[PDB]
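In structure tokens, one chain follows: the form deposited in one PDB entry.
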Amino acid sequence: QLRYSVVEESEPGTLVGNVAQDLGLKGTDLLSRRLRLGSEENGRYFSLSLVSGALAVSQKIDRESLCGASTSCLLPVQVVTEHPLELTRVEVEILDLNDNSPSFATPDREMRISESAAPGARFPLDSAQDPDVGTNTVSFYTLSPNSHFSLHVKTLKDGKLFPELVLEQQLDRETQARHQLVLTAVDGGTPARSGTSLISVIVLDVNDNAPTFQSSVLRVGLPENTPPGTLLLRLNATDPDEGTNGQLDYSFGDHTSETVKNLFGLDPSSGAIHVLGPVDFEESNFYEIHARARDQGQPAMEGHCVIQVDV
């Protein structure tokens, strides 16, 4: 019947269409036939003038509030003229404006990812929203430049987008236990509007390290008259892992000779090796002690140090 177009968020007084002209009403016709909007509801957003006969915007119109996520916003108004009483249907289309920015449910997102996460692992992300319609809604996502993750966007169901993290390289807590990424959602307007979500990846610890002694092989010498209680050497094994995965226990090799165990005694905690028995040149000119640094993680890791004792 009567179709006009008006831009969303237009200021009150904005022209929409000439009702009087498109109906054949000129001058006194507007009064004699009583030009009029249908009900009080029709005049909420519009006003029909008795002077110009033009349909204008009464109150600022928000397209998102009226039609929401509808494809086309068609606002029906009722124009009444008397003698003869004839009613005219007028459909005013509310053109969408790109005045809404992509929104996330939460400004920040935390992810607890294990250090043993294999490449190809997919981690879902919160989807953004843009109440605008057409190209003005969410178009694509971007992920801040990193060295471990990749961004993949899957469009499911009705064409809405669901972003997810794709692990490219294996994480390592020993290098950095945290990664901060910025998920940015962008719409397809000109100019484009965006919104962000701060993703902080927490790398959980995994026992992926074995204890390592300061030296692979140590050679020391003690006099023939070394008294009982004398410290030979204090072992030093390091483990970069967190918590119990980093704590270690010292011990001899499982097949260490009984002679060595009767002569020497190590403190499993401090790693201090003491000579406790007698030694001469005749018994043996040398002893080869096998040290071991057992981890406390599951599974347990271990390092090894061979100590050569000359006398």
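In case it trips you up, residue 1 is the first one in the sequence shown, and so on. Between two forms, the rigid core is defined as the largest C-alpha subset superposing within 1.5 Å.
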Study note, to complete from the structure: When mean C-alpha B-factors in the record are compared for 279-287 and 49-57, the larger belongs to 279-287
Review point. Of the two stretches 158-166 and 100-108, which shows the higher Cα B-factor on average in the entry?
Key: 158-166
Check your understanding: Between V90, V182, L233, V201, where does the Cα B-factor run highest in the record?
Key -> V90
Practice item. Could you check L222, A128, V133, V186 and tell me which one carries the biggest Cα B-factor in the deposited entry? Key: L222
Check your understanding: Based on the entry's values, in what third of the chain does the Cα temperature factor of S72 lie: lowest, middle or highest?
Key -> highest
Practice item. Pull the Cα B-factor of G297 out of the PDB entry and bin it into the chain's lowest, middle or highest third. Key: middle
Point to revise | Relative C-alpha B-factor of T81, binned into the chain's lowest, middle or highest third | key: highest
Point to revise | Lowest, middle or highest third - CA B-factor, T238 | key: middle
**Study point:** Position of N207 among the chain's modelled residues by C-alpha B-factor, lowest, middle or highest third
**Key:** middle
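Keep in mind that the form deposited in another entry is missing from the display, and what follows is about it.
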Check your understanding: Where among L218, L97, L151, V80 does the Cα move by 2 Å or more between this form and the one not shown after the core is superposed?
Key -> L218
